[PDB]
Structures are given as C-alpha cells and as structure tokens.
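Taking it in order: structure first as structure tokens, then the write-up.
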Amino acid sequence: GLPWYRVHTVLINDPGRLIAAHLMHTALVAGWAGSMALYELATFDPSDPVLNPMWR
Amino acid sequence: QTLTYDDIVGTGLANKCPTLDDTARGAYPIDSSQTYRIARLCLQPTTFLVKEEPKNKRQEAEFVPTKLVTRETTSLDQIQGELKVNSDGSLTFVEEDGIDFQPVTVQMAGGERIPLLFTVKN
Ligand code: CLA
Ligand code: CLA
Ligand code: CLA
Ligand code: CLA
Ligand SMILES: CCCCCCCCCCCCCCCC(=O)OC[C@H](COP(=O)(O)OC[C@@H](O)CO)OC(=O)CCCCCCCCCCCCCCC
Ligand SMILES: CCCCCCCCCCCCCCCC(=O)OC[C@H](COP(=O)(O)OC[C@@H](O)CO)OC(=O)CCCCCCCCCCCCCCC
Ligand SMILES: CCCCCCCCCCCCO[C@@H]1O[C@H](CO)[C@@H](O[C@H]2O[C@H](CO)[C@@H](O)[C@H](O)[C@H]2O)[C@H](O)[C@H]1O
Ligand SMILES: CCCCCCCS[C@@H]1O[C@H](CO)[C@@H](O)[C@H](O)[C@H]1O
C-alpha cells in the first residue's frame, strides 16, 4: 500500500476532499489561535505596562 | 404629591437621597440660644474610587474607578444626631444613630474585588 509518508497523496485528484483537508487545517489553526489567546489571558498580568509589559 | 411604599418598591428610588429644587438657594437661620438636631441625614454614594497600589513607590498612586457589584444597597440613611452651636458660632454634628453603614463590594479593572464598610459611624 502507500508508505506512511505518502498517505495524504490520496487527495491529489479529489478536489472536494482536498478542500475538506484544507478546511480541517484552517479549523486547527484558528482553534490554536483562540486557545493560545485564552491561555495568555489566563496568565497575563495587566497591572504594570511599565516594568511588566506583555513581552516580559 | 407623595409616594407610598407600593409606588417606590423595586424602582431603585429607596436607595436615593431626597433632592431639593434648583429654587432652593436660601438661608436657614441659626439662633445660638436654640438647640438643634439633624433629624435625617442621608448619603447616596454615586462613585467609589480605590487607590491603586504601585510597585513603583516612585510617583503617587491614583484613585481609580471601580464597578459596584452589590447593587442598590449602598446608601446611609435615617441618621440622626445633635447639631451643637459652638461658642465661636461654628456648628458640630454629633452622629447618634441610624442606618450608618453599608457593606459594599466594588470591582477593579481586571477583577479584584474590594469590599468595604462604607460608613459615618460616630
Ligand atoms: C491537519 C492535520 C491533518 C488532516 C486534515 C489529515 C487528513 C487525512 N489523513 Mg492524515 N495525519 C496527520 C494530520 C492530518 N491528516 C498527522 C499529524 C498524522 C500522523 C499521526 C497523520 C497520519 C495519517 C495516516 C496514517 C492516515 C492519514 C489519512 C488521512 C485522511 C483520512 C483521515 C485519517 O485517517 O486521519 C488519521 C487520524 C489522525 C492522523 C489523528 C491525528 C493524531 C493527533 C495528534 C491526535 C489529536 C487528538 C487531540 C485533538 C490532541 C491530542 C494531543 C496531546 C496533548 C495528547 C485525510 C486526508 C489516512 C489515509 O487517507 O491514507 C491513505 C491514513 O491512513 N493521516
Ligand atoms: C503547505 C505546505 C506543504 C504541503 C501541503 C505538503 C504536502 C505534501 N507533501 Mg510536502 N513538504 C513541505 C511542505 C508541504 N508538503 C515542507 C516544508 C517539507 C520539508 C519539511 C516537505 C517535504 C516533503 C517530503 C520529503 C515529502 C512530502 C510529501 C508530501 C505529500 C504527502 C504528505 C504526507 O502524506 O505526509 C504524511 C505525514 C505524516 C503521516 C506525519 C508527518 C509528521 C511530522 C514529520 C512531524 C509532525 C508535524 C506537525 C504535526 C505539524 C505542525 C506543522 C507546522 C509547525 C508547519 C503531500 C502532497 C511526500 C511525497 O511527495 O509523496 C509522494 C514526501 O515524500 N513533503
Ligand atoms: C467567487 C468564487 C470563489 C470565492 C469567493 C473563493 C474563496 C475561497 N476559496 Mg476558491 N475556488 C473557486 C472560486 C472561489 N473561491 C472555484 C470556481 C474553484 C474551482 C472549483 C475554487 C477551488 C478552491 C480550492 C480547491 C480551495 C479554494 C479555497 C478558497 C478559500 C481560501 C481562503 C480561506 O479558506 O479562508 C478562511 C475562510 C474563511 C475566513 C471563511 C470565509 C466565509 C465562507 C467562504 C462563507 C461560507 C458560505 C459559502 C456559501 C460556501 C461556499 C464558499 C465558496 C464559494 C468558496 C476561500 C473561501 C481553499 C479553501 O477552501 O480552504 C479551506 C481551497 O482548498 N478554492
Ligand atoms: C504558513 C503557515 C503554515 C504552513 C505553510 C503550514 C503547513 C503545514 N501544516 Mg500547519 N499549522 C500552522 C501554520 C502552517 N502550517 C499553525 C500556525 C498551526 C497551529 C499550531 C498549524 C497546525 C498544524 C497541525 C496540527 C498540522 C499541520 C500540518 C501541516 C502540513 C499539512 C500537509 C502535509 O501533509 O505535510 C506533511 C508533513 C510534512 C511535510 C512535515 C512538516 C515538517 C514541519 C515543517 C516541521 C516539523 C519539524 C519537527 C519534526 C516537529 C516536531 C514536533 C515535536 C517537537 C512535537 C503542512 C506542512 C499537518 C501535518 O503535518 O500532517 C502530517 C498537521 O497535523 N499544521
Ligand atoms: C503535534 C502532532 C504530532 C504528531 C506526529 C507524530 C508522527 C511522527 C512520525 C515520525 C516517525 C517516522 C519514522 C519512520 C521510519 C521508517 O519508516 O523508515 C523506513 C522507511 C522505508 O520506506 P519504504 O519506502 O521502504 O516503504 C515501506 C513502508 O512500509 C513504510 O511506510 O523510510 C522512511 O520512512 C524514510 C525516512 C526515514 C529514515 C529514518 C531512519 C533513521 C535511522 C536511525 C536513526 C537513529 C540512530 C542514530 C544513531 C546515531
Ligand atoms: C512526509 C514528509 C515529512 C518530512 C519531514 C522532514 C523534516 C526534516 C528536515 C529536512 C531534511 C530532509 C532530508 C530528506 C531526504 C529526502 O530526500 O527524502 C525524500 C523521501 C521520499 O523519497 P522517495 O519518495 O524517493 O522515497 C524513498 C523511500 O522509498 C525510502 O527509500 O522523504 C521521506 O523519506 C519522508 C520522511 C522523512 C522523515 C524524517 C523523520 C521525521 C521524524 C520526526 C520525529 C517527530 C517526533 C514528534 C513527537 C510528538
Ligand atoms: C470559549 C469557551 C472556553 C472559555 C473558557 C476558557 C477561559 C479562559 C479565560 C482566561 C481569563 C481568566 O483568567 C483567570 O482569571 C482569574 C482572575 O485574575 C485568575 O484567578 C486568580 O486570581 C483570582 C483573583 O485574585 C483568585 O480569586 C483566583 O483563585 C486565582 O486563581 C485565574 O488564575 C486566571 O487563570
Ligand atoms: C470567550 C469567553 C472567555 C471567558 C472570559 C472570562 C472573563 S474575561 C477575564 O476576566 C478576569 C477577571 O475580571 C480578568 O482578570 C482577565 O484579565 C480577563 O481576561
């Protein structure tokens, strides 16, 4: 069968499933962004933008 | 003219002090031979400010605005006491009794809740 490093090649001639894979990728990236921002809000201390800004 | 409990109940007006007309710019004579009292003192807070506490200790901390979270339960009222006329013609109010405190919780930016006993006791 297909070697492990070629599994996604099944999409090359299947535009609908390629779009589905792409949709999944974008869902994952956007969920990362939402999750990342929530984790940063759970940890960020806003009380000192002078000596404790976001980049510290 | 005058409101009953049923007119007031649940409106918020019970937590408000009485107001006077813009017309009320008069003068109330004090006869220094007469004794006086305050029969009703009412205090309706409209803003609570809390002094932020810096790490800086350089530059003075400001008083910042806060959000009231305990609803219309903040005013002091039905307070009474003697209004003394002093020998130099100054008046001194000596609080005796009344609804002279309210626990109040206000919330700062970012969530810190600051309870206080808002009061004029004694
Ligand atoms: C954007 C990511 C993504 C997308 C959209 C796809 C989509 C596809 N894959 Mg690929 N794949 C991926 C990443 C992805 N894969 C990764 C990271 C691996 C290595 C694990 C694989 C290995 C793989 C194999 C071996 C096969 C496919 C196959 C397929 C097709 C059918 C679905 C399937 O069987 O998935 C497989 C199911 C997964 C890959 C689950 C991913 C494992 C993650 C890490 C678990 C996530 C759970 C949770 C949210 C997070 C836990 C993290 C941790 C803190 C514990 C489809 C085209 C099949 C096929 O069509 O081949 C011809 C197939 O046999 N994929
Ligand atoms: C848009 C970017 C992109 C896309 C859509 C693809 C898509 C494809 N690649 Mg290419 N490729 C890319 C960039 C990309 N590649 C990059 C940057 C490199 C160098 C790293 C490669 C090097 C490469 C090789 C050497 C091969 C492909 C192959 C393939 C095909 C099969 C992939 C597969 O089944 O893996 C299945 C993968 C797994 C089951 C697991 C991989 C797990 C990795 C190593 C670790 C986990 C990654 C983590 C989940 C992802 C976060 C990503 C983010 C940080 C970027 C498919 C057409 C294969 C081919 O041509 O088939 C004929 C092939 O041999 N790619
Ligand atoms: C006017 C026609 C039109 C428009 C507006 C688009 C727009 C888009 N196409 Mg292209 N496409 C078109 C014609 C069009 N396409 C034609 C005729 C073909 C040949 C059939 C393709 C083949 C094609 C492929 C093969 C792919 C795209 C993808 C994309 C998207 C990539 C950006 C993205 O996902 O952002 C993120 C998305 C958003 C911020 C959401 C946008 C809001 C959506 C679109 C509303 C959904 C409702 C709508 C009625 C459903 C169908 C929309 C459809 C017309 C695109 C984007 C929505 C890629 C994609 O889908 O990846 C996920 C992808 O893989 N297109
Ligand atoms: C420009 C931005 C960008 C681009 C071009 C890509 C491109 C890619 N992404 Mg996506 N990704 C992005 C941003 C991006 N990503 C962001 C911001 C997130 C949120 C964190 C993700 C989350 C994400 C997930 C969860 C997955 C992808 C996967 C993929 C691959 C799907 C095609 C494929 O089959 O590859 C075949 C695989 C390769 C060609 C190898 C890529 C090797 C990368 C470049 C370096 C990984 C190196 C190292 C071994 C990582 C080990 C991690 C370990 C320490 C845990 C492709 C290389 C999917 C994938 O890799 O499936 C196998 C996958 O599961 N991405
Ligand atoms: C965030 C989400 C994260 C989830 C992702 C997790 C999935 C990651 C999967 C990675 C594993 C892939 C390894 C497959 C390994 C594997 O299948 O190898 C054998 C494989 C042979 O392929 P063939 O084409 O012969 O196909 C046979 C098929 O049966 C394979 O599917 O070759 C490759 O895969 C090419 C690249 C690997 C070559 C690596 C060899 C390493 C040598 C040893 C090094 C250590 C010793 C060093 C000493 C100094
Ligand atoms: C599917 C693609 C994945 C590629 C990832 C490569 C990253 C390395 C950076 C670039 C150097 C490339 C030199 C390749 C040399 C080259 O030209 O390769 C091309 C080769 C495919 O070539 P062929 O199609 O000719 O197949 C040759 C096979 O038949 C074996 O003989 O690609 C692979 O073998 C893909 C697998 C490499 C996998 C490497 C190990 C990944 C381990 C990940 C550990 C993850 C831990 C996760 C923890 C949660
Ligand atoms: C979209 C669906 C998913 C939504 C759910 C995910 C929510 C994540 C939101 C993060 C923002 C809230 O972040 C959270 O805030 C409070 C208030 O400072 C912190 O709480 C901390 O300080 C407060 C106030 O002194 C203490 O009473 C508390 O015990 C202590 O843990 C949390 O440690 C922090 O992690
Ligand atoms: C998508 C909905 C996420 C849920 C949001 C939680 C409320 S918002 C949250 O409030 C905390 C307390 O006031 C703050 O300390 C923190 O900075 C703020 O991000």
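A Cβ is built for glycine as well, from the same backbone N, Cα and C atoms used for every other residue.
Residues annotated as topological domain 'Cytoplasmic' in Swiss-Prot: A:1-19.
Per Swiss-Prot, chlorophyll a 2 binding site is recorded for A:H8, and the stated evidence type is experimental evidence. Packing around A:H8 (chlorophyll a 2 binding site) is summarised by its Cβ count: 10 other Cβ atoms lie within 10 angstroms of its Cβ, all protein chains included. Under DSSP, A:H8 (chlorophyll a 2 binding site) is assigned to a helix (H, G or I) in the three-state scheme.
Sequence annotations record features per position, and here Swiss-Prot assigns transmembrane segment to A:20-35 based on experimental evidence. Long-range contacts of the transmembrane segment (A:20-35) within its own chain (CB-CB distance under 8 A, at least 6 residues past either end) are made by residues 8, 11.
Annotation for A:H22 (chlorophyll a 3 binding site): no spatial neighbours, criterion Cβ-Cβ under 8 Å with sequence separation of six or more. Mapped onto three states, the DSSP output places A:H22 (chlorophyll a 3 binding site) in helix. Annotated chlorophyll a 3 binding site per Swiss-Prot: A:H22, in sequence order, evidence recorded as experimental evidence.
The Cβ of A:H25 (chlorophyll a 4 binding site) lies under 8 Å from no Cβ of any same-chain residue at least six residues away in sequence. Taken from Swiss-Prot, the feature chlorophyll a 4 binding site applies to A:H25, supported by experimental evidence.
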Self-check item: Annotated binding-site residues A:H8, A:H22, A:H25, filtered by Cβ under 6 Å to ligand 3
Solution: A:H22
